[PDB]
Amino acid sequence: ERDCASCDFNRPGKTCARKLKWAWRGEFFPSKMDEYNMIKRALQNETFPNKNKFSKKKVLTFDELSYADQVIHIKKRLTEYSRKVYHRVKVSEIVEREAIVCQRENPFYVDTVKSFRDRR
Amino acid sequence: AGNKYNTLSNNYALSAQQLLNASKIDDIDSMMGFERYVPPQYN
Amino acid sequence: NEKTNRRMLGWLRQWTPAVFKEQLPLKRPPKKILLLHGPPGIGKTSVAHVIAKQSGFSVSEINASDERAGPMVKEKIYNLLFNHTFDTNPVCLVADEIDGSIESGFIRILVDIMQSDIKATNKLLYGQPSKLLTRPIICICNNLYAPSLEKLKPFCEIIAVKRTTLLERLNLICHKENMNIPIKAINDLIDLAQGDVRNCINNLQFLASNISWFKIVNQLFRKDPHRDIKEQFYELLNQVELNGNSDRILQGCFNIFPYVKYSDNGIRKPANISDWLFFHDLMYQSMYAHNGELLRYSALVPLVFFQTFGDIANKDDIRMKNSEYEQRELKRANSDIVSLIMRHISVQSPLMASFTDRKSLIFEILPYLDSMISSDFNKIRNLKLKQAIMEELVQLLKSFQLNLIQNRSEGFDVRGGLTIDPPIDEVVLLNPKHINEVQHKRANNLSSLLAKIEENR
DNA sequence: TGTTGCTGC
DNA sequence: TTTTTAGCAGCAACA
Ligand code: SF4
């Protein structure tokens with residue numbers, strides 16, 4: 001809605017904003033943000049092996065891990081916690097969403113597709 | 001303030017190693033008939 | 001430290017609902033351990049004791065440095081945290097000197113207790129239809145960044161005690177013993193006792209009935225402008241003699257003098273002191289040969305530093321270390337490596353061993369041998385010449401009995417670095433800049449040499 | 001009985 | 001270090 005509102009072609013009567021639907025699907029842990037933060041605080045008291053090789057420091061704290069490794073350890077403890085408290089590891093939900101397809105936007109992608117289709 | 005001289009030497013060494021591999025590739029290509037053609041000057 | 005003492009009291013009062021069932025799932029503090037840190041002698045232990053007693057807790061003290069049996073202590077800590085004491089009052093555990101526990105047993109037990117209580121609490125909060133920690137723990141350290149404490153820190157509320165509290169305590173003792181002591185004489189007694197609380201109380205009791213070698217080194221570089229230089233000299237002489245450790249004081253002076261400010265004309269002062277230091281080394285060698293009559297002159301050499309380098313500018317204490325013990329252990333390790341190489345040469349090279357002195361091996365042979373192994377074989381386009389050099393290098397590695405070991409201590413299956421055993425690198429490579437350049441070049445050469453050794457095998 | 005994993009469509 | 005997507009069958013374990 002922002003980039004469409006910033007566009008000088010956005011007048012009363014505009015035809016170039018084609019609205020189309022899609023169905024988003026989440027898979028999430030039943031656990032809430034307070035429970036996530038409780039698991040994060042629990043992991044901050046644990047110690048982790050350094051994926052370091054010829055390096056030396058053999059042990060890291062949680063906050064000394066890469067953010068990707070922190071989230072891998074969080075997801076592991078959240079799978080155990082969610083199974084223990086909610087009797088399921090995942091919830092899945094489907095939400096119908098709407099997005100704006102600009103018709104006035106520079107044609108290079110679609111021209112490649114039309115042109116490629118015609119050459120075939 | 002204590003390592004600014006050791007990064008320049010390694011890049012010249014890597015560029016020399018890559019030129020030496022490129023020479024070996026030019027020798028192999030020429031053995032296999034792929035002589036490096038340079039076109040005539042045309043004004 | 002009144003603000004700090006009120007914070008400690010505030011943290012202990014957060015335990016009151018869980019322990020005493022008084023109204024200000026168990027409403028306990030989020031951090032279950034209190035960690036006190038700061039300099040020695042400022043009253044860390046005394047503050048922990050007074051605030052715990054003031055809060056209605058019975059205090060149980062454990063010195064963590066003396067208890068060399070965490071796994072056994074375990075029973076003591078578990079009894080003190082989870083069993084009812086015969087006393088009407090709930091127990092508070094005070095762990096002193098937790099940074100001195102060389103064996104992580106005590107700290108592992110505390111971490112295991114905390115993790116067990118976190119698991120027990122989460123079961124009480126989220127468990128659909130385990131000993132909970134009901135007692136406060138106070139830990140005291142001198143150093144917060146000690147490696148042993150890294151696992152405990154996340155569970156701790158950290159409180160810094162900065163550098164009066166001793167004066168207040170001694171005044172309270174004087175008032176209870178009905179002693180009318182002027183506050184000036186108590187300060188003079190505190191200064192005499194250097195903040196030793198036991199020594200202070202004994203000196204007070206005696207009145208009622210009627211120098212770290214480092215401190216000496218820093219005093220040897222200080223001149224007081226308000227006192228006679230002769231009186232200062234005799235006071236320092238008596239302090240050096242009473243310490244009996246003239247050697248350590250001198251080694252301290254030797255490490256400090258280059259960093260000290262001294263009016264410099266041409267840095268001759270250092271030349272005069274090299275002759276004394278040489279005189280001390282001769283005297284120290286003679287102490288093992290002759291009955292120790294010469295020990296009386298050992299106290300004079302440190303005092304030459306006071307005469308030559310003592311200045312009013314030197315108001316700050318320079319901290320010091322022991323480079324010599326590390327250099328002696330390194331020299332021993334390097335000598336042992338060299339002795340092992342010399343034995344290997346004696347077993348293989350029948351004649352080489354007759355021409356190789358220990359000094360010639362270290363300064364001539366090993367640096368050239370390492371330069372030959374570290375040479376960039378990637379610059380050699382001629383495969384035959386590369387193969388011939390590699391065959392000669394394999395023969396040299398065999399003559400010196402140098403084994404290529406794959407150090408697989410990487411741990412993550414990527415690049416187990418090849419190392420030479422014995423490590424000639426530790427003896428030859430003095431320059432830290434050359435170490436990094438040589439390590440990268442050697443890794444590719446050693447893999448090629450290992451492949452050739454395996455081909456020959 | 002349902003979910004979850006994995007392979008392979 | 002290079003790397004298209006989602007929907008489904010069905011064997012086997014376990015919540
Ligand atoms: S071209 Fe697209 S972004 Fe611009 S005004 Fe029209 S709808 Fe909005």
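No lab work stands behind these numbers, since they all come straight from the coordinates. Because the Cβ atoms are built from the backbone with ideal geometry, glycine has one as well, and the counts that use them run over all protein chains shown.
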Mind checking which helices (runs of 4 or more DSSP H) fall wholly inside the range A:1-103 and carry at least 1 residues that are loosely packed, with under 10 Cβ neighbours inside 10 Å and within 13 Å of chain C (Cβ to nearest Cβ)? A:33-43
I'm trying to understand the selection: among the residues of the range A:54-76, which are within 16 Å of DNA strand E (Cβ to nearest atom) and not hydroxyl-bearing (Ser, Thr, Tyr)? A:68, A:69, A:72, A:76
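Identify the residue in the range C:419-436 that is among the aliphatic types (A, V, I, L, M) and outside any loop (DSSP other than H, G, I, E, B) and, among all such residues, is surrounded by the fewest Cβ atoms within 10 Å (Cβ to Cβ).
C:435
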Pairs only if they're at least six apart or on different chains, beta carbon under 7 angstrom, first in the range A:15-27 and over 24 Å from residue A:88 (Cα atoms), second within 16 Å of the ligand (Cβ to nearest atom) and among the small types (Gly, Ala, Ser); list them, first residue then second. A:20/A:99; A:22/A:99
Name the helices (runs of 4 or more DSSP H) wholly inside the range C:317-417 in which the number of residues that are over 30 Å from the mean Cα position of the chain (by Cα) and among the basic types (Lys, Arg) is 2 or more. C:383-399
Positions within the range A:86-104 being of a type in the set (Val, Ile, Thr) and under 19 Å from residue A:35 (Cα atoms), in sequence order: A:89, A:91
In the set B:42, B:5, the lone residue that is at the interface with chain C (Cβ under 9 Å from one of its Cβ atoms) and exposed (fewer than 10 other Cβ atoms within 10 Å of the Cβ) is B:5
